[PDB]
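Considered here are two forms of the same protein chain, supplied as structure tokens in two stand-alone entries, structure 1 and structure 2.
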Structure 1
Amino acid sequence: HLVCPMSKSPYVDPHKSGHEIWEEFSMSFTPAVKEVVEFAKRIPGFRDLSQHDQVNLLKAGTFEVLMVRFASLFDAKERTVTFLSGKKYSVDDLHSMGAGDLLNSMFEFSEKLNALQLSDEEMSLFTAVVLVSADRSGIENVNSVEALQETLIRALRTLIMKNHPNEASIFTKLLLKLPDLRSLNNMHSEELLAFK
């Protein structure tokens, strides 16, 4: 089994080589990855970062961007995960196929985010913040990335205050999702790299 919803299905043909399995999986997740690249190019200040820092932000942050974008695949009420094919699998079945604490943590994350029911504009600006907030270990011009982060966070505060003048705490709640995403990213990378 391959219990990642970026796949078309969690079932693996055991008579395929590791390479064929990855190739097929890549045909499923690659369009999503390319969509994050096009999204990043549309953050105006992103293009002013060095080419190295652009690539490194995408390398570190693509997972967190997609986690936000695809939080709606996790239906906490139905306890189902929708895979990129549109097929749905119960949490129980996925656990029997080898999913565990990480899947549970993503449900918890998605439930809390899904429940905020952000508008498209709010979700899009939050996602920009997520990308530019990516792990900085690979970054050559930290101050430039921090400046862009600050600019986007200010825009997000302004948008949230417009849209939620009596619930400003939504802005703080969104910032507090950043270390949660970093945790999901760390745990997920461990699972990704352990895949045999």
Structure 2
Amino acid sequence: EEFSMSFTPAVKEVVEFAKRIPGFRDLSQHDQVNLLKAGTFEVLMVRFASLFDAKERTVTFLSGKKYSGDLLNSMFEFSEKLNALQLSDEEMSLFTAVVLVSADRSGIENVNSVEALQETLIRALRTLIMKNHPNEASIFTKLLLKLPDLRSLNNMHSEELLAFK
């Protein structure tokens, strides 16, 4: 409850976010549906982190209200680690687009076009991180390391979410 349904309109939000990713609407319709089908779960993981605060033990839901079981524990270790980097909203958005365009390539027909879009987003992320965190370049590396982590959480818990919310 009070979090079940909270992730239904969130799916609608990912679709709209993707549409705003420069170049996304150039990929085949086939590839756009597949990136969203495969990556929506990983983007939602990042969005959750963004609505968490281990610095105050508060978890805010896209729904509004604020509060403080083994996926939920993973979502906390994940969120704490990511929240540690102290990214700005702009970095957070760019990173989320990288996550979406980094999704499982199994159902993708034009991988070259998807890798080309990921490259463009990756280069901007690194460029944007170096500028806002000149002495913390490593922040960029830590973010890439999270891609394999999110793919595992996905492989393991997507079903217990991508089902009736």
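So that the term is clear: the rigid core is the largest set of C-alpha atoms that superpose within 1.5 Å between two forms. Only residues modelled in both forms are compared. Throughout, residue numbering runs from 1 along the sequence of structure 1.
Residue 82 C-alpha moves between structures 1 and 2 by 2 Å or more, core aligned: Yes; that C-alpha moves by at least 2 Å between structures 1 and 2.
Does residue 149 count as moved between structures 1 and 2, where moved means a C-alpha shift of 2 angstroms or more after fitting the rigid core? No, the C-alpha position differs by under 2 Å between structures 1 and 2.
Look at residue 70 and decide if its Cα position differs by 2 Å or more between structures 1 and 2 after superposing on the rigid core. False for residue 70: its C-alpha shift is below 2 Å.
Quick one: CA shift at residue 171 between structures 1 and 2, core fit, Å? A shift of 0.3 Å.
With both forms put on the same core, how far apart in Å are the CA positions of residue 191 between structures 1 and 2? With the rigid core fitted, the alpha carbon of residue 191 is displaced 3.9 Å between structures 1 and 2.
What parts move between structures 1 and 2 when you lay the two on the core: runs of 3+ residues, each CA off by 2 Å or more? After superposition, residues 23-29, 72-90, 100-106, 189-196 shift as runs.
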